[PDB]
Amino acid sequence: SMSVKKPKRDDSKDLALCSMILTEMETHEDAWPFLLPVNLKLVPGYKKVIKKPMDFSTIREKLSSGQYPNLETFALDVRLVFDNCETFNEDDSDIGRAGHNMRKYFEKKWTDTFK
């Protein structure tokens with residue numbers, strides 16, 4: 001509350017560390033469904049159904065331009081990429097499996113770097 005604070009966690013490396021995680025997600029072999037924005041002119045149903053599209057290149061641009069206020073807003077966008085994928089793709093599809101695999105990969109890196 002006012003003039004009552006928990007001890008200050010060092011957040012000075014968060015930006016660099018989120019960038020490293022994001023590099024590792026970009027270079028994973030199952031990243032291909034997620035590298036670029038879904039083409040809303042060429043994919044029927046996407047625009048109407050997925051209210052907040054997100055992809056790795058869009059996260060990279062937001063990261064690089066100071067549009068994440070803290071490491072939690074960064075994790076929310078990464079998770080959004082996988083939640084969108086699950087909303088639109090069957091579990092038993094290459095893209096559906098890709099999304100489960102990447103979400104796992106991400107969550108481990110996240111816990112190991114920050115928890």
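The first residue of the sequence shown is numbered 1, and numbering continues consecutively from there.
- The cluster map of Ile, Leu, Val, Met, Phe, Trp and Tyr, joined by side-chain heavy atoms under 4.5 Å apart, puts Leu40 and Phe88 in the same cluster.
- Going from atom CG of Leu22 over to atom OG of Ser57 covers 9.5 Å, rounded to the nearest 0.5 Å.
- The two residues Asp10 and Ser12 come nearest to each other via the heavy atoms OD1-OG, 2.7 Å.
- Between the CG atom of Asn39 and the OH atom of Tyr46 there is a distance of 12.0 Å, given to the nearest 0.5 Å.
- Residue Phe114 holds its CZ atom at 9.0 Å from CD of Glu72, rounded to the nearest 0.5 Å.
- Here the CZ atom belonging to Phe74 is positioned 11.0 Å from the CG atom belonging to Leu76, to the nearest 0.5 angstrom.
- In the hydrophobic clustering of this structure, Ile21 groups with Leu63; members are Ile, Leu, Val, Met, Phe, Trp, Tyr whose side-chain heavy atoms approach within less than 4.5 Å, directly or through other members.
- Screening residues 31-48 for salt bridge (charged side-chain N to carboxylate O under 4.0 Å, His left out), with sequence neighbours left out, gives no hits.
- To the nearest 0.5 angstrom, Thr58 atom OG1 is 11.0 Å from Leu35 atom CG.
- Residues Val38 and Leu80 do not share a hydrophobic cluster, clusters being chains of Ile/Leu/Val/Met/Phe/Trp/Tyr side chains in contact below 4.5 Å.
- Qualifying salt bridge (charged side-chain N to carboxylate O under 4.0 Å, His left out) partners for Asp55, counting only residues two or more places apart in sequence or in other chains: none.
- Note: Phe56 CZ to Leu36 CG = 11.0 Å, rounded to the nearest 0.5 Å.
- When all heavy atoms of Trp110 and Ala75 are compared, the pair lying nearest together is CZ2-CB, 3.7 Å.
- Proximity of the aromatic rings of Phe106 and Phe82 is defined here by a centroid distance below 6.0 angstrom, and this criterion is not met.
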(request) Decide yes or no on side chain to side chain contact (heavy atoms under 4.5 Å, CB included) for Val78 and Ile59, but give the supporting numbers first. (result) CA-CA 8 Å; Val78 178; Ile59 299 170; 4.0 Å; yes
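- Within the 3.5 Å criterion, the main-chain N or O of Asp14 finds no donor-acceptor partner in the side chain of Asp11.
- Within the structure, salt bridge (charged side-chain N to carboxylate O under 4.0 Å, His left out) pairs that include any residue of residues 21-31 comprise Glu24-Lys109, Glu26-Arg60 (at least two apart or interchain).
- Heavy-atom minimum distance, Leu71 versus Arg9: CD2-NH1, 4.1 Å.
- Of all non-hydrogen atoms in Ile95 and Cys85, the two that sit nearest each other are O-SG, 3.6 Å.
- Listed for the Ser93 side chain is a donor-acceptor partner under 3.5 Å among the backbone atoms of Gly96.
- Take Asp94 and apply the salt bridge (charged side-chain N to carboxylate O under 4.0 Å, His left out) test, not counting sequence neighbours, and it matches no residue.
- For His28, the ring-ring contact (aromatic ring centres under 6.0 Å, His included) partners at least two apart in sequence or on another chain are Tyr105.
- Taking 4.5 Å as the limit, every side-chain heavy atom of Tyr68 sits out of range of all side-chain heavy atoms of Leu15.
- In this structure, the side chain of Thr73 engages the main chain of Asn70 through a donor-acceptor pair within 3.5 Å.
- Counting only residues at least two apart or on different chains, the salt bridge (charged side-chain N to carboxylate O under 4.0 Å, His left out) pairs with a member in residues 77-93 are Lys62-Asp77, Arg79-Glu107, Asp83-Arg103, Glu86-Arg103, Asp92-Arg97.
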